[PDB]
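For this one, two forms of the same chain are given in structure tokens, first as structure 1 and then as structure 2.
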Structure 1
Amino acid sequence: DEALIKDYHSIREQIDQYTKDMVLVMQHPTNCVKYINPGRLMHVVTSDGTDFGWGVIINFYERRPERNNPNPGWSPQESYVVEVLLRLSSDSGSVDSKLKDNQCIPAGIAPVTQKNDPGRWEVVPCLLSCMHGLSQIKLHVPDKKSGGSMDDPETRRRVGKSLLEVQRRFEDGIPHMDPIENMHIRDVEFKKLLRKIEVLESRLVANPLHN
């Protein structure tokens, strides 16, 4: 039962690596820039695994290197910043709009964790490397064919509350854009990636230590 724990974790580690590869492809600007649209929902999960849940995309921009550091060595997934309306814990500090050279998300903020906490909706700069899902759903955000703007705390509260309501109405989960059928990622190696994950999962769930 100890060589058998080895096979179990070897399967989980193959799945983990292929998942990281699949995620990189979906985060690549060539594949996702067309879908980073104001109002579309994005699932933000940071480099360290902190899950911010679903937010609303507000704006999108090419990250600019510093003065100091003309070639910082950013991956393509690190070369673009998505401003996302997220729900922060009430004790999160003020949000620094400007991400430094080595940051994927501002410092000093976190998702709601305590069950009492109602949270606070703020626009948070996030790198494309924090995108762990895009929804087919878009919510209405203030462009100026309307008025209002997410500088207004009450607009942020209202949009966030409609994000909570859309989640309530999707009993089984916010719908994800399928990388093949909605994002039209046609790559032959990408289809192979998904198939290999499926085959390994079949092996994982057939292992008796899986429960």
Structure 2
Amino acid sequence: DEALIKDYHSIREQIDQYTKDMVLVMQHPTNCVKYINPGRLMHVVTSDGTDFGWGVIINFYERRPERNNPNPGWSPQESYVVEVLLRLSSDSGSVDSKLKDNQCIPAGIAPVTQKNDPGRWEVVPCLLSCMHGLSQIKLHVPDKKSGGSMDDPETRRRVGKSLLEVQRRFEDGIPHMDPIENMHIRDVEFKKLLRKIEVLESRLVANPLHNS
């Protein structure tokens, strides 16, 4: 019933479009820098879609362009860098700490992809454009005047392994920050966006293909 297949995918397309609209709002700096707190967990995913999993926010700074490139055309979500502790594959190379004008993450790193690969916990710089979750969970991390630092590889493996203890304890997944109840995103367009997604979801399940 080809008319009915075309409707089903039309809905899915609309939900995909509204879903990237929604993600953009929550990545926008004016809506999230308040919650980019050292120790809060952050799910890092590249635009191409490689998933680095959850990591620990260590620092965040405003991005500065190169001397030869005054107007690099960054978006607001590409205009800030979060330093995140991530578990990289032991395979993965050396972590270059500064991103070039065209990179969202360093060039030579990848997530863990093989079992009996423990990984290596490294601090990695990421654009806000790669942020696909902020947790309600905060781990304790050393700071200035607390006498520790994330430069010590052994401290990185200590904090790193507690984050895997948190995820082990959260069987059903790490708990996300709610855009309304936790971040108090006031935008009227955003309010309509989440309702639009819900009513479309009700439309989509109404379709036979959902259970066919």
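Residue positions are counted from 1 along structure 1's sequence. By rigid core we mean the largest C-alpha set that fits within 1.5 Å across both forms.
Core superposition between the two structures, C-alpha change of residue 67 at least 2 Å: It does not reach a 2 Å shift.
Residue 20 C-alpha shift between the two structures of 2 Å or more, rigid core reference: The answer is no; the displacement is under 2 Å.
Threshold 2 Å Cα movement between the two structures for residue 184, core superposed: No, because once the rigid core is superposed, the C-alpha of residue 184 moves less than 2 Å between the two structures.
Core-fitted comparison between the two structures - CA shift at residue 153, Å: Core-aligned C-alpha shift comes out at 0.5 Å.
Distance moved by the residue 202 C-alpha between the two structures (core-aligned, Å): Core-aligned C-alpha shift comes out at 2.6 Å.
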